[PDB]
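A single chain, nothing else alongside it, follows as structure tokens in the form deposited in one PDB entry.
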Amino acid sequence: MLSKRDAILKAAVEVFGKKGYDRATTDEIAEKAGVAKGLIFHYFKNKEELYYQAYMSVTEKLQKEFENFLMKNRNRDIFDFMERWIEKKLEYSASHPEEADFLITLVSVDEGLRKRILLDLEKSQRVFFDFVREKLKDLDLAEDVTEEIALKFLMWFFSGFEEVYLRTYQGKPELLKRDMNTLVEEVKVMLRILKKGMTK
């Protein structure tokens, strides 16, 4: 069976993703996890720490999948790189819907909690950011488009698309699987649009 801490973290992902941070209570996470309530306090102190730890836990496993992807695909054109990784993220969300539902809740938590998580994730997200930045120096940019506007626009596209499908398909993995081909084709054309508009 799961360790206690892992049982609580799984229950937390499920409850938080189902109800959002403010509505969820630790008592129902403990009940979901079938664990003594004071065990949540033992391991996590309070609800805010539980959420943050659950959040770091899910992102940590994704960061690792990203790190291998980056190693193997490091030489690709950056738009092909992005498209391929978006496909993998879409694949993962469909097979891990509870985790995907949980991740999108980061917009509900107070200012302070979301900023803490963003401060503590900055170092890991900057790994993808710094790779895009270096890859853009190889790009034959339009005479009116700076590497800065390119980086800004590409990251917004990337992060914004993820936000859109996670929110749109929230709690509906079968719908995501059903639209997967179409989303993928749409993402291909949009990245080609951006490449063509940004380059000579």
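We number the residues from 1 along the sequence you see. Here the rigid core means the biggest group of C-alpha atoms that line up within 1.5 Å when the two forms are laid on top of each other.
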property	result
Among 192, 10, 178, 19 - the residue whose C-alpha B-factor is largest in the record	19
Third of the chain, ranked by Cα B-factor, where residue 64 sits	highest
Residue 32 - which third its CA temperature factor falls in, relative to the rest of the chain	middle
Modelled-residue ranking by C-alpha temperature factor, third containing residue 156	middle
Position of residue 174 among the chain's modelled residues by C-alpha B-factor, lowest, middle or highest third	lowest
Residue 87 - which third its CA temperature factor falls in, relative to the rest of the chain	middle
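There is also a form deposited in another entry; it is not shown, and the following applies to it.
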property	result
Core-superposed comparison between this form and the one not shown - Cα displaced by 2 angstroms or more, from 139, 62, 56, 132	139
